[PDB]
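Reminder, nothing fancy here: chain letters follow the sequence lines and each chain counts from 1. We use all heavy atoms of the structure for the numbers below, so side chains are in, but hydrogens, waters and symmetry mates are not.
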Amino acid sequence: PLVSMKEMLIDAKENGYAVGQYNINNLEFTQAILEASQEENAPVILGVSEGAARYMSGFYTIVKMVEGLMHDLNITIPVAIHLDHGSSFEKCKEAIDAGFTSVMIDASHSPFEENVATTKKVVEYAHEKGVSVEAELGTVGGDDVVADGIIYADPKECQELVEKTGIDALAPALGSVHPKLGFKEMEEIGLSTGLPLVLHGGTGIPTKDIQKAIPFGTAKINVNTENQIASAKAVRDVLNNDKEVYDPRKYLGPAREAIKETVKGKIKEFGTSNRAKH
Amino acid sequence: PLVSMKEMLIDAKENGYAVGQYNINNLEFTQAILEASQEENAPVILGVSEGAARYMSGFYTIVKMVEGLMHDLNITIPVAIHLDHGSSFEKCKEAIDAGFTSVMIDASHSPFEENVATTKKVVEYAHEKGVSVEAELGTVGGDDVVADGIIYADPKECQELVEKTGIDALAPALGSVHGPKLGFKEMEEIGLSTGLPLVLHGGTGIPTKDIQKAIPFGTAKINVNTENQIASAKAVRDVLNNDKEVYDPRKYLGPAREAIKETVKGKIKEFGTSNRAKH
Ligand SMILES: [Zn+2]
Ligand SMILES: [Zn+2]
């Protein structure tokens, strides 16, 4: 069923696993992520950036497409449709009104008090529609910037944002780049806020650091470039080995397969397999 | 709005133009075809083969996607969703129940009496749902076969199938090949005697002037597929061969989409479909 992130991330946090957010960019991306998660009996979060949504014509198109696939692929796992790095209240409202079940309102580059106000406004609207809300504090690093442009989430800011806004999940940047995670800080923030935590900039973080972060409260981990890299490699391989092929299905089919196998790998990493219940 | 092909092809036949059927294979194909036709103020038919539908997970997924796009792209032109080369009553029914507005039941390789029976069955179901129906007679050629595997549709068969089944459009193979010289006088007699809009399969590579000749003889629907696949694949290759580092799917499938869009506009200009969509 289409659900928000709320209960799936609470279950993830409570039982020591994470649910991947896999970003979608078109039909084939969405098929691969849904099939992979269903085959793994795992809940899943479908991530949509604002740029990806423009590319896919709009939020409503995306929701329609997912509704189609839920039916045709016989999806029975929990599925959230999540606005990734939402830039404003208006954009969050637009996604929600089109049928999104979750939004991240990203005001982490604004003054903290403005982050609180804008996030609070998004939660008030979203919670009226059953939509879960993620917010962000701190900055993900990565040219030539001191401390590699890393700015840890402040534990007092984290606590205060949670208490004042009522968000369902928190993304505290704690050393990830786009690396050495502040596991001590992560533990403190998870315990103090009592919220499932979200990991951005996960691409390239070793499985061992990924699996250390998870019991410290990381319950959602974002995945995007890994799928793009794997799909693009499969397209290149098809086109480079057959100079005559033009049927889109003959290079985008393998791209879809490569995503599917990338996602199953992340699912195994994250412990998400067999967490979908009735 | 979403409509069958019925009124669409009647208006085309009456006024001397054709509506392209542009086959979709995924989201970017559908976007390009809809945008191009809207921008040309032209009605359009979205063609879906059974293999393309399997690739896109199903008929229902395709209808939902199109509904999404109709909204987000502010589509105001007539749009038909058409099952291309439907292979059975069951497949035609499945597509119609999922929300398709048009089907082609292709029994042209079966004995003529079976073609009539299966097609009649499809029309009875489809017409109670407001769905238009295309059927086919004759064979599109193209290996080392006598007469290049071309078998003209039989005028008596054409006449009889139309009368017995009540189809809305007819695809009479008349010299098209796939992989040529159209029988223009045969096309004329069949158009005249059946009184139906005619469909051209195997249009790829038919020179613009034979296309231009076919239309006033009654050809009101022309199918377009490989031309789009060729243009989109070339755009992808060019992106990937010029930049070995790129992996963002939008950076090569975006240009693919634009390439389809410009291909479709070209066909729209050939077919005379521009500015035929009424408010
Ligand atoms: Zn992120
Ligand atoms: Zn055909």
Side-chain angles (χ1 to χ4, degrees), chain A residues 2-10 19 21 23-25 45-67 79-140 151 153-154 156-173 178 189 193-201 219-220 222 224, chain B residues 68 71-74:
Chain A
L2 292 176
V3 294
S4 71
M5 299 195 308
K6 182 171 178 182
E7 296 303 307
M8 68 165 69
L9 292 193
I10 288 165
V19 185
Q21 162 198 305
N23 285 76
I24 56 169
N25 285 285
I45 296 153
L46 306 178
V48 180
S49 71
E50 291 177 352
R54 289 183 241 112
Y55 179 90
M56 296 179 54
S57 297
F59 300 128
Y60 185 70
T61 292
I62 295 165
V63 173
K64 286 318 213 82
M65 199 175 70
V66 171
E67 287 176 339
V79 176
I81 308 176
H82 176 74
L83 176 67
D84 195 19
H85 288 288
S87 61
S88 68
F89 168 84
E90 289 69 24
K91 264 296 179 306
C92 286
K93 175 190 197 308
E94 175 183 3
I96 288 159
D97 291 353
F100 273 47
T101 65
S102 187
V103 291
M104 168 196 202
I105 171 65
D106 177 9
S108 61
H109 308 123
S110 295
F112 176 73
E113 289 301 325
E114 189 187 334
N115 192 345
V116 174
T118 295
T119 296
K120 191 187 180 171
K121 183 173 185 193
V122 167
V123 172
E124 286 167 352
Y125 191 81
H127 278 184
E128 212 57 66
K129 316 289 175 176
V131 165
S132 53
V133 187
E134 162 187 335
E136 184 174 25
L137 289 165
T139 81
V140 176
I151 308 173
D154 180 284
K156 275 149 53 60
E157 283 189 9
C158 287
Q159 186 61 26
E160 185 174 330
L161 180 81
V162 170
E163 288 167 6
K164 286 171 172 180
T165 69
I167 48 169
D168 306 289
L170 171 64
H178 188 53
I189 289 163
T193 65
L195 288 194
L197 301 187
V198 181
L199 180 64
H200 288 250
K220 176 179 177 275
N222 290 13
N224 185 26
Chain B
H71 179 76
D72 280 337
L73 296 183
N74 305 306

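- With sequence neighbours left out, A:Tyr125 forms a ring-ring contact (aromatic ring centres under 6.0 Å, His included) with A:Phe89.
- Atoms NE2 and OG1, from B:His71 and A:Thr61 in turn, are 8.0 Å apart once rounded to the nearest 0.5 Å.
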Pair A:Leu2, A:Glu67 - check side-chain contact (heavy atoms from CB on, under 4.5 Å), show working. CA-CA 8 Å; A:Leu2 292 176; A:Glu67 287 176 339; 4.1 Å; yes
Would you tabulate the side-chain donor-acceptor contacts of residues 116-124 of chain A under 3.5 Å, counting partners in other chains and residues two or more places apart, or write 'none'?
residue: A:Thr118; atom: OG1; partner: A:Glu114; partner atom: O; Å: 3.3
residue: A:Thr119; atom: OG1; partner: A:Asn115; partner atom: O; Å: 2.9
residue: A:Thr119; atom: OG1; partner: A:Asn115; partner atom: OD1; Å: 3.0

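- Of the inter-residue distances, the one linking A:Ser49 atom OG with A:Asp106 atom CG reads 12.0 Å to the nearest 0.5 angstrom.
- A:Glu160 approaches A:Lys164 most closely through the heavy-atom pair OE2-NZ, 2.5 Å.
- Legend: residues meeting salt bridge (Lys or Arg N to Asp or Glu O under 4.0 Å) with A:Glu50, ordered by chain and number and at least two apart, are absent.
- In terms of heavy-atom proximity, A:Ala98 sits nearest to A:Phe59 at CB-CB, 3.6 Å.
- Residue A:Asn224 holds its CG atom at 11.5 Å from NE2 of A:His200, rounded to the nearest 0.5 Å.
- Residues A:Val131 and A:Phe100 share a closest heavy-atom pair of CG2-O, 3.5 Å.
- The only option from A:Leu195, A:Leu197, A:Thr193, A:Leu137 that meets the side chain to side chain contact (heavy atoms under 4.5 Å, CB included) definition with A:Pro172 turns out to be A:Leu197.
- Taking NE2 from A:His82 and OG from A:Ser4, the interatomic distance works out to 11.0 Å, rounded to the nearest 0.5 Å.
- Residues forming a salt bridge (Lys or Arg N to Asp or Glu O under 4.0 Å) with A:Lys6 (at least two apart in sequence, or on another chain): none.
- Atom CG in A:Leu161 sits 11.5 Å away from atom CG in A:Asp154 (nearest 0.5 Å).
- In this structure, A:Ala126 and A:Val133 approach most closely via the heavy-atom pair CB-CG2, 3.5 Å.
- Qualifying salt bridge (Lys or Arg N to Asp or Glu O under 4.0 Å) partners for A:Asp97, counting only residues two or more places apart in sequence or in other chains: A:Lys93.
- For residues 128-139 of chain A, every residue pair satisfying the salt bridge (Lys or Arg N to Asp or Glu O under 4.0 Å) rule, not counting sequence neighbours, is listed here: A:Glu134-A:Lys220.
- Between A:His127 and A:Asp168, the closest heavy-atom pair is NE2-OD2, 2.8 Å.
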Given the rule in the side-chain contact (heavy atoms from CB on, under 4.5 Å) test, do A:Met5 and A:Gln21 qualify, once you have shown the distances and angles that lead to the verdict? CA-CA 10 Å; A:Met5 299 195 308; A:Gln21 162 198 305; over 6 Å; no
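- Just one of A:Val66, A:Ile24, A:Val3, A:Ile45 meets the side chain to side chain contact (heavy atoms under 4.5 Å, CB included) condition when paired with A:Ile81; it is A:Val66.
- Nearest heavy-atom pair across A:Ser102 and A:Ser132 is OG-OG, 2.8 Å.
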